[PDB]
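In case you want the letters, here they are:
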Amino acid sequence: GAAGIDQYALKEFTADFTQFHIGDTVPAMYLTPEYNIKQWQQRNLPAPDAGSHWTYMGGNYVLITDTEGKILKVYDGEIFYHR
């Protein structure tokens, strides 16, 4: 198996009474920097796309473009406790 981060890599979920997939868009409620985890290097998480940030959604970390908020990537929250 993998023993890294791919084990926490989803493809899709529901939060906020909204279903999403790789390539959905978030609402503007999560474009705000109030959820922007710039603090991703002191984590197992991968480096963001070149115009996006990691966002704590409903117990999952989504990557959203600051210029669209396409759901570039999604990981589960459990990657936060991983070592």
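Note on numbering: positions run from 1 along each chain as its sequence is written and may not match the entry's numbering; residues without coordinates are not listed. Only hydrogens and water are set aside when side-chain values are computed; all heavy atoms of the structure are taken into account.

- Listed under the method field of the entry is solution NMR.

- The record lists its title as "Yp_001336205.1".

Things to note about the nonpolar core
- Throughout, nonpolar core names a set of buried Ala, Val, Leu, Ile, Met, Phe, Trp, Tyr and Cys residues whose side chains join them through atoms within 4.5 Å. Here's how the labels work: a residue is buried when its accessible area is under 20% of the maximum for its type, exposed when over 50%, partly exposed in between, all with a 1.4 Å probe on protein chains only. Of all hydrophobic cores here, the largest spans 10 residues; its members are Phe13, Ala15, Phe20, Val26, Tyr30, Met57, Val62, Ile64, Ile71 and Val74.
- Starting at the N terminus, helices and strands are each numbered in turn, a helix being any DSSP run of H or I of at least four residues and a strand any DSSP run of E of at least two. At the level of elements, strand 1 (12-15), strand 5 (60-65) and strand 6 (71-76) are the ones that each hand at least two residues to this core.
- Ignoring anything within four residues of it in the chain, the contact list for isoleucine 71 reads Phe20, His21, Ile22, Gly23, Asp24, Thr25, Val26 and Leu63. Only heavy atoms matter for contacts: two residues are in contact if any of them lie within 4.5 Å across the pair.

Structural notes on the side chain of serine 52
- Secondary-structure assignment places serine 52 in strand 4 (residues 52-56).
- Think of a polar contact as two N or O atoms within 3.5 Å of one another; within protein, one of them needs to be a possible hydrogen donor and the other a possible acceptor, and neighboring residues in sequence only count if both atoms come from side chains. There is a polar contact of 2.8 Å between the side chain of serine 52 and the backbone oxygen of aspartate 49.
- Aside from chain neighbours lying at most four places away, what touches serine 52 is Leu63, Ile64, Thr65, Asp66 and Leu72.

A few points about the sheet that holds strand 6
- For two strands to be treated as a pair, DSSP must find at least two bridges joining them. Ordered in space as 3-4-5-6, the 4 strands form an open sheet in which the pairing is antiparallel. Unpaired on one side and paired on the other, strand 3 (36-37) and strand 6 mark the two borders of the sheet.
- The pairing of strand 3 with strand 4 spans 2 bridges and is classified as antiparallel. By the bridge assignment for strand 4, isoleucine 37 is matched with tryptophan 54.

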